[PDB]
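Down below is the structure, laid out as structure tokens.
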Amino acid sequence: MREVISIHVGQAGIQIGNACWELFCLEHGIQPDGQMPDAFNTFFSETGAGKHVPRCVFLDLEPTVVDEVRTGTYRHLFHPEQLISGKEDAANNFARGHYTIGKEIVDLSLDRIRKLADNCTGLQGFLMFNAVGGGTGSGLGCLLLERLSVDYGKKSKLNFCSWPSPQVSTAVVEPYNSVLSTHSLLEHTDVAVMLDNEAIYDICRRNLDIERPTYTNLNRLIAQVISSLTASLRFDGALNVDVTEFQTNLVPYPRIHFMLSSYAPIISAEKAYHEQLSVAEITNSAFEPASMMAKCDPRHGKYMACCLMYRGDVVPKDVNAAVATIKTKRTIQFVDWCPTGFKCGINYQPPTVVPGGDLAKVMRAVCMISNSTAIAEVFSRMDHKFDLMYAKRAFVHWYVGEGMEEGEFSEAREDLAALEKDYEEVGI
Amino acid sequence: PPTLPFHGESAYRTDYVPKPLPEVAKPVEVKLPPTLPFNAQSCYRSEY
Ligand SMILES: Nc1nc2c(ncn2[C@@H]2O[C@H](COP(=O)(O)OP(=O)(O)OP(=O)(O)O)[C@@H](O)[C@H]2O)c(=O)[nH]1
Ligand SMILES: [Mg+2]
């Protein structure tokens, strides 16, 4: 009965979703045509002839990145109009994905979201993938989250942001789109998870010994994190943490809901067999201030909640003793209104490896998703990005050109300034 | 003028190739400890 709809929006949303559904089909046994040769109803339905279709709704305004999926090997996997396309892109413009042409794709995407939710008995989360700092993953992502809240009350809407890296961006309007995105990923999102591309670049170099990773290797690390996040939801476990558990043990206030994730048996095939990847070893590497998948050192903040997702042949006494060890560690600082901050979960099914991927077979896993008063430097870093640009009205004549009110930039700035004041006062 | 051949593969088709499926049929067979014989008597029956 348990079931999650994934909604992959944008170029980065689709390309991450290609890695996710590639890993999910290789993990539950579904071939690229749909047939396998009931631990699948969280991500797949059943047509009746042994046929399994993924439960995903792809979105883009370009047709280029989504025509790729319907012409490659995973075309008979998806239902042929799940892959929802437009004609022309918003062109890295938030107002062009919100107040203009992405208003005719929204009524067809919500058409199929309803068709993919009424054929499931009990929905527990709208997993959502976006690329905040762009045109369609920001503009259409903002309008989609507002529309999903008004139509589907409660019904916790997860999100895996692709927030721009602090010191490298590959745009200049990327300060504008991310600050304009805080009016969606703050009051419509519950599970706003912050992922920066630079941090997972550094993970690939320092751990996997890949000095030149491509975006596909970036998405393969993210897909293993989401599989371990839904691991208890699909497989049996000694301690199951479903979505309802997640928004009680990791979110203290409805506004402070921003998390950082760090998987950490992320070991290359050459270096996997020279250490035992024991439970204490993989969680000591999980709390390192370099494996965090946003560029945000937790040592200059204060942890308020941690949700660890030990997965594999992990004995609960080794979970418990490792949590005791990291509690003894002085490098991390838990906030004074938090005697216990260590929601743990155990799933017996070990993490899988894609054949020809960049990871290795590992018996254990840790997915560490935590909230801290260190993410304030992430939003305050693009605070400096915005006010350097908006000081004399850069690139605003092409946001107000298509209908954005001159001034919507300003309360996006006091929306980021509101959460800046909130993170500092929950650490005193 | 000649015409050069077209060498081109898009990234989705280079690294999303249909992969071999993992080989999974491994049940966890569990034994049952045999029930011990019931050595226990009532005191009334034991002396009376
Ligand atoms: N994680 C991840 N990020 C990506 C990928 N491709 C691009 N990005 C990031 O996405 C950001 C810009 O967003 P886009 O890729 O253009 O996607 P978008 O935000 O929906 O904007 P559009 O071009 O309108 O689709 C860049 O800063 C990239 O770092 C990817 O394959 N994986
Ligand atoms: Mg685009």
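As shown in the structure tokens, the chain order sets the letters A, B, ...; within each chain, residues go from 1, and ligands are also counted from 1 in the order they appear.
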Next on the checklist: Neighbours of ligand 2 at 8 Å or closer, counting only C-alpha atoms and all ligand atoms: which residues, as a PyMOL selection string?
Outcome noted: chain A and resi 10-11+60-62+89-92+134-136
Item to check | Distance query segment 19-21 of chain B at most 8 Å, only C-alpha atoms, self and fewer than 5 positions along chain excluded, as a PyMOL selection string | outcome: chain A and resi 26+29+31+354-355
Spatial neighbours of segment 417-427 of chain A, 7 Å, only C-alpha atoms, chain gap at least 4 places, as a JSON list (two decimals) with N, CA, C and O atoms, in the first residue's frame:
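Writing done, so here's result_26.json:
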```json
[["chain", "number", "residue", "atom", "x", "y", "z"],
["A", 302, "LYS", "N", 25.79, 24.06, 14.69],
["A", 302, "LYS", "CA", 25.38, 23.20, 15.79],
["A", 302, "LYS", "C", 24.30, 22.25, 15.30],
["A", 302, "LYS", "O", 23.27, 22.69, 14.80],
["A", 335, "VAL", "N", 22.93, 20.91, 19.98],
["A", 335, "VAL", "CA", 22.35, 22.09, 20.61],
["A", 335, "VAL", "C", 21.77, 21.70, 21.97],
["A", 335, "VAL", "O", 21.45, 20.53, 22.23],
["A", 373, "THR", "N", 22.49, 24.36, 12.53],
["A", 373, "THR", "CA", 22.68, 25.79, 12.36],
["A", 373, "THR", "C", 24.03, 26.07, 11.70],
["A", 373, "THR", "O", 24.79, 26.93, 12.16],
["A", 376, "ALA", "N", 22.99, 28.13, 7.50],
["A", 376, "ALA", "CA", 22.78, 29.57, 7.37],
["A", 376, "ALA", "C", 23.88, 30.22, 6.55],
["A", 376, "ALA", "O", 23.64, 31.26, 5.92],
["A", 413, "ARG", "N", 14.15, 38.66, -0.94],
["A", 413, "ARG", "CA", 15.33, 38.96, -0.13],
["A", 413, "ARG", "C", 14.99, 39.02, 1.36],
["A", 413, "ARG", "O", 15.82, 38.62, 2.19]]
```
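For residue 281 of chain A, the set of protein, DNA and RNA residues having any atom at most 12 Å away, when counting only C-alpha atoms and skipping those fewer than 2 positions along the same chain, is residues 264, 265, 266, 275, 276, 277, 278, 279, 283, 284, 285, 286, 287, 288, 310, 318, 319, 321, 322, 323, 325, 326, 364, 365 and 366 of chain A.
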Writer output for current selection, N, CA and C atoms, as an mmCIF file, in the first residue's frame:
```
data_model
loop_
_atom_site.group_PDB
_atom_site.id
_atom_site.type_symbol
_atom_site.label_atom_id
_atom_site.label_comp_id
_atom_site.auth_asym_id
_atom_site.auth_seq_id
_atom_site.Cartn_x
_atom_site.Cartn_y
_atom_site.Cartn_z
ATOM 1 N N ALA A 264 28.243 7.423 3.267
ATOM 2 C CA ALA A 264 29.695 7.248 3.354
ATOM 3 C C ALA A 264 30.278 5.848 3.529
ATOM 4 N N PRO A 265 29.820 4.824 2.839
ATOM 5 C CA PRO A 265 30.778 3.867 2.279
ATOM 6 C C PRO A 265 31.059 4.181 0.827
ATOM 7 N N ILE A 266 31.381 5.429 0.507
ATOM 8 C CA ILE A 266 31.561 5.759 -0.896
ATOM 9 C C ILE A 266 33.018 5.473 -1.220
ATOM 10 N N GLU A 275 40.250 -1.790 3.655
ATOM 11 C CA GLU A 275 39.722 -1.584 5.001
ATOM 12 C C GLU A 275 38.431 -2.355 5.159
ATOM 13 N N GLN A 276 38.207 -2.845 6.369
ATOM 14 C CA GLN A 276 36.889 -3.306 6.748
ATOM 15 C C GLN A 276 35.981 -2.093 6.859
ATOM 16 N N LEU A 277 34.840 -2.150 6.196
ATOM 17 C CA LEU A 277 33.902 -1.037 6.237
ATOM 18 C C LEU A 277 32.865 -1.279 7.325
ATOM 19 N N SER A 278 33.388 -1.403 8.543
ATOM 20 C CA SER A 278 32.588 -1.707 9.714
ATOM 21 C C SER A 278 31.682 -0.532 10.058
ATOM 22 N N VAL A 279 30.776 -0.784 11.002
ATOM 23 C CA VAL A 279 29.709 0.162 11.315
ATOM 24 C C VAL A 279 30.280 1.439 11.913
ATOM 25 N N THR A 283 30.458 5.313 9.836
ATOM 26 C CA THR A 283 29.783 6.468 10.413
ATOM 27 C C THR A 283 30.774 7.514 10.904
ATOM 28 N N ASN A 284 32.031 7.128 11.129
ATOM 29 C CA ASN A 284 33.060 8.123 11.390
ATOM 30 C C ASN A 284 33.386 8.892 10.120
ATOM 31 N N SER A 285 33.342 8.213 8.975
ATOM 32 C CA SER A 285 33.489 8.879 7.693
ATOM 33 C C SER A 285 32.228 9.624 7.278
ATOM 34 N N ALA A 286 31.079 9.286 7.864
ATOM 35 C CA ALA A 286 29.843 9.990 7.550
ATOM 36 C C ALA A 286 29.779 11.359 8.205
ATOM 37 N N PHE A 287 30.407 11.515 9.364
ATOM 38 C CA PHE A 287 30.381 12.769 10.095
ATOM 39 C C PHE A 287 31.598 13.636 9.817
ATOM 40 N N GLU A 288 32.414 13.267 8.837
ATOM 41 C CA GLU A 288 33.523 14.118 8.438
ATOM 42 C C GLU A 288 32.989 15.400 7.806
ATOM 43 N N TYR A 310 21.636 3.429 8.543
ATOM 44 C CA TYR A 310 22.453 2.223 8.447
ATOM 45 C C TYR A 310 21.740 1.116 7.683
ATOM 46 N N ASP A 318 25.958 -2.251 17.121
ATOM 47 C CA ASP A 318 27.028 -1.498 16.484
ATOM 48 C C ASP A 318 26.542 -0.129 16.039
ATOM 49 N N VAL A 319 25.251 -0.016 15.728
ATOM 50 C CA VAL A 319 24.636 1.296 15.554
ATOM 51 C C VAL A 319 24.699 2.067 16.863
ATOM 52 N N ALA A 321 26.600 1.663 19.637
ATOM 53 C CA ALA A 321 27.916 1.999 20.166
ATOM 54 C C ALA A 321 28.590 3.077 19.332
ATOM 55 N N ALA A 322 28.306 3.109 18.030
ATOM 56 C CA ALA A 322 28.888 4.135 17.174
ATOM 57 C C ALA A 322 28.256 5.493 17.436
ATOM 58 N N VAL A 323 26.958 5.511 17.746
ATOM 59 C CA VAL A 323 26.293 6.751 18.134
ATOM 60 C C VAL A 323 26.854 7.251 19.460
ATOM 61 N N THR A 325 29.955 6.769 20.371
ATOM 62 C CA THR A 325 31.293 7.269 20.066
ATOM 63 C C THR A 325 31.244 8.687 19.515
ATOM 64 N N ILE A 326 30.303 8.957 18.610
ATOM 65 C CA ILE A 326 30.227 10.278 18.002
ATOM 66 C C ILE A 326 29.598 11.282 18.964
ATOM 67 N N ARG A 364 27.846 -2.816 4.070
ATOM 68 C CA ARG A 364 27.169 -1.892 4.967
ATOM 69 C C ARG A 364 26.969 -0.545 4.284
ATOM 70 N N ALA A 365 26.218 0.325 4.953
ATOM 71 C CA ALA A 365 25.873 1.633 4.418
ATOM 72 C C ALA A 365 25.495 2.544 5.570
ATOM 73 N N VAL A 366 25.706 3.844 5.389
ATOM 74 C CA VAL A 366 25.183 4.874 6.281
ATOM 75 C C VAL A 366 24.720 6.030 5.413
#
```
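Using only C-alpha atoms, the residues found no farther than 7 Å from residue 7 of chain A, other than those of its own chain fewer than 2 positions away, are residues 5, 9, 56, 57, 58, 127, 128 and 129 of chain A.
Taking atom CA of residue 48 of chain A and atom CA of residue 22 of chain A as endpoints, the distance between them is 21.9 Å.
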Next on the checklist: Please find the residues of chain B near chain A - the criterion being any atom within 8 Å, counting only C-alpha atoms - and write them as a list in words.
Outcome noted: residues 12, 13, 15, 16, 17, 18, 19, 20, 21 and 22 of chain B
Export N, CA, C and O atoms of the chosen residues as an mmCIF file, in the first residue's frame?
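Saved the output as out26.cif:
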```
data_model
loop_
_atom_site.group_PDB
_atom_site.id
_atom_site.type_symbol
_atom_site.label_atom_id
_atom_site.label_comp_id
_atom_site.auth_asym_id
_atom_site.auth_seq_id
_atom_site.Cartn_x
_atom_site.Cartn_y
_atom_site.Cartn_z
ATOM 1 N N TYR B 12 23.796 9.826 -22.519
ATOM 2 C CA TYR B 12 22.748 8.947 -22.010
ATOM 3 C C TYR B 12 22.882 7.551 -22.601
ATOM 4 O O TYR B 12 22.780 6.547 -21.888
ATOM 5 N N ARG B 13 23.163 7.470 -23.899
ATOM 6 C CA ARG B 13 23.376 6.181 -24.534
ATOM 7 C C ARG B 13 24.777 5.622 -24.320
ATOM 8 O O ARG B 13 24.984 4.431 -24.569
ATOM 9 N N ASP B 15 26.411 5.738 -21.179
ATOM 10 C CA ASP B 15 26.541 5.152 -19.849
ATOM 11 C C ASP B 15 25.227 4.688 -19.236
ATOM 12 O O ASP B 15 25.236 4.120 -18.141
ATOM 13 N N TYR B 16 24.090 4.895 -19.901
ATOM 14 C CA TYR B 16 22.875 4.160 -19.546
ATOM 15 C C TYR B 16 22.644 3.090 -20.607
ATOM 16 O O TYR B 16 21.790 3.204 -21.489
ATOM 17 N N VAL B 17 23.445 2.036 -20.519
ATOM 18 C CA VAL B 17 23.326 0.847 -21.355
ATOM 19 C C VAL B 17 22.524 -0.147 -20.523
ATOM 20 O O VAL B 17 22.614 -0.099 -19.288
ATOM 21 N N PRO B 18 21.690 -1.006 -21.112
ATOM 22 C CA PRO B 18 21.011 -2.030 -20.303
ATOM 23 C C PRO B 18 22.010 -2.993 -19.686
ATOM 24 O O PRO B 18 22.656 -3.782 -20.379
ATOM 25 N N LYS B 19 22.138 -2.911 -18.363
ATOM 26 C CA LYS B 19 23.046 -3.601 -17.465
ATOM 27 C C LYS B 19 22.541 -5.007 -17.167
ATOM 28 O O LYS B 19 21.331 -5.255 -17.191
ATOM 29 N N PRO B 20 23.442 -5.948 -16.895
ATOM 30 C CA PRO B 20 23.003 -7.261 -16.412
ATOM 31 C C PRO B 20 22.362 -7.151 -15.038
ATOM 32 O O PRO B 20 22.826 -6.408 -14.172
ATOM 33 N N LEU B 21 21.283 -7.895 -14.853
ATOM 34 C CA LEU B 21 20.556 -7.895 -13.595
ATOM 35 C C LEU B 21 21.349 -8.652 -12.529
ATOM 36 O O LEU B 21 22.062 -9.609 -12.841
ATOM 37 N N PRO B 22 21.259 -8.232 -11.267
ATOM 38 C CA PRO B 22 21.931 -8.977 -10.197
ATOM 39 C C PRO B 22 21.275 -10.326 -9.961
ATOM 40 O O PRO B 22 20.084 -10.516 -10.220
#
```
Item to check | Near-residue 218 of chain A list (12 Å; only C-alpha atoms; drop same-chain fewer than 5 positions) as JSON, numbers by chain | outcome: {"A": [12, 15, 16, 17, 18, 19, 20, 162, 195, 196, 197, 198, 199, 200, 201, 202, 203, 204, 205, 208, 210, 212, 213, 223, 224, 225, 293, 357, 358, 359]}
Next on the checklist: Neighbouring residues of segment 85-88 of chain A were defined as those with any atom within 9 Å, considering only C-alpha atoms; residues of the same chain fewer than 4 positions away were excluded. Please report them as a ChimeraX atom specification.
Outcome noted: /A:58-64,66-67,81,101-102,104-105
Mind writing the picked residues with C-alpha atoms as a short mmCIF file (atom, residue, chain, number, x, y, z; two decimals), in the first residue's frame?
```cif
data_model
loop_
_atom_site.label_atom_id
_atom_site.label_comp_id
_atom_site.auth_asym_id
_atom_site.auth_seq_id
_atom_site.Cartn_x
_atom_site.Cartn_y
_atom_site.Cartn_z
CA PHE A 58 9.23 13.90 -15.94
CA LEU A 59 9.04 17.64 -16.61
CA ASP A 60 10.96 19.99 -18.89
CA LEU A 61 10.23 22.88 -21.21
CA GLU A 62 12.99 21.90 -23.62
CA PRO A 63 12.26 18.75 -25.59
CA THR A 64 15.98 17.95 -25.92
CA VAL A 66 13.49 14.32 -22.45
CA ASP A 67 13.50 13.15 -26.07
CA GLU A 81 3.43 10.29 -21.93
CA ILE A 101 5.05 29.74 -21.04
CA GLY A 102 5.28 27.07 -18.35
CA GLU A 104 0.39 25.21 -20.25
CA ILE A 105 2.57 22.28 -19.20
#
```
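For the pair atom CA of residue 76 of chain A and atom 13 (O, counted along the ligand's line) of ligand 1, the separation is 27.0 Å.
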Checklist entry - Any idea what the distance is between atom CA of residue 83 of chain A and atom CA of residue 70 of chain A? => result 7.6 Å
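The smallest atom-to-atom distance between ligand 1 and any of B:43, B:24, B:11, B:30, using only C-alpha atoms and all ligand atoms, is found for B:11.
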